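The working numbering applies: residue 44 is where the sequence shown begins, and numbers increase by one. Working notes for the structure below.
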Amino acid sequence: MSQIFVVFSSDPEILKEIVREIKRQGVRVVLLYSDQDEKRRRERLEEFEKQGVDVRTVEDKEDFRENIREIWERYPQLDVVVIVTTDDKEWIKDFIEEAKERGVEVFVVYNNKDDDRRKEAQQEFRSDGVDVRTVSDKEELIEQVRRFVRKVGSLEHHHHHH
């Protein structure tokens, strides 16, 4: 029943397009922003703050998983789309672990062109309630996000993955 949507992307220009769509659908967006400089980090995510976005800053893998606990403690409604600035399998992992401990279903959508290693990643992470979606484009990812709002905005409607 309870599903949460999460996106992993290395491209900030793709990330921004995902965020605006989420806002178009009248949905909340939890951006977990990771950058190599503190000053840069703020100047980057501030563009989202001023656009009405829920941005948390992350530096490490362990710092990532704790900001996820923020979400579980903030929004039981789960009408939130979480976005993380990376394509690392570690960061994909921690989100799944924390989620399983709360007994929630997670639909993961991440962008990375080499789908070959995505095949093993799917077999590795795809759990009972945790779904794995792989795309090599911006709009291919946008579709999954839009379809999310359309599935949760009425029922559970998990079955649609394609």
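We put the beta carbon where it would ideally sit given N, CA and C, even for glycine.
Note to self: The alpha helix (DSSP H) that contains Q46, what's its start and end?
What the structure shows: Taken as a continuous stretch (DSSP letters only), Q46 belongs to no alpha helix (DSSP H), being part of the beta strand (DSSP E) at 46-52.
Next item on the list: Could you say which of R87, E56, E167 lies nearest to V151 if we only look at CA atoms?
Entry: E167
Checklist line | Rounded separation between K59 and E90 - CA only | finding: 9 Å
Item checked: Pick from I111, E163, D159 that is closest to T100, judged by C-alpha positions -> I111
Notebook entry, point to check: Considering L74, what are the terminal residues of the alpha helix (DSSP H) in which it resides?
Noted result: Careful: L74 lies outside any alpha helix (DSSP H), inside the beta strand (DSSP E) at 71-76.
Next item on the list: Grab the span of the alpha helix (DSSP H) containing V62 for me, first residue to last.
Entry: 55-67
Next item on the list: Starting from the C-beta of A164, find all residues in its chain whose C-beta is less than 8 Å away, skip the five residues before and the five after it, and write them out in chain order.
Entry: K132, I135, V175, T177
Item checked: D137 classed as buried or exposed, judged by whether at least 16 other C-beta atoms fall within 10 angstroms -> buried
Next item on the list: Output the distance between the C-alpha atoms of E182 and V188, rounded to the nearest integer angstrom.
Entry: 10 Å
Check: Roughly how many whole angstroms lie between the Cα atoms of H200 and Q68?
Finding: 17 Å
Check: Per DSSP, what kind of secondary structure is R189 in: helix, strand or coil?
Finding: helix
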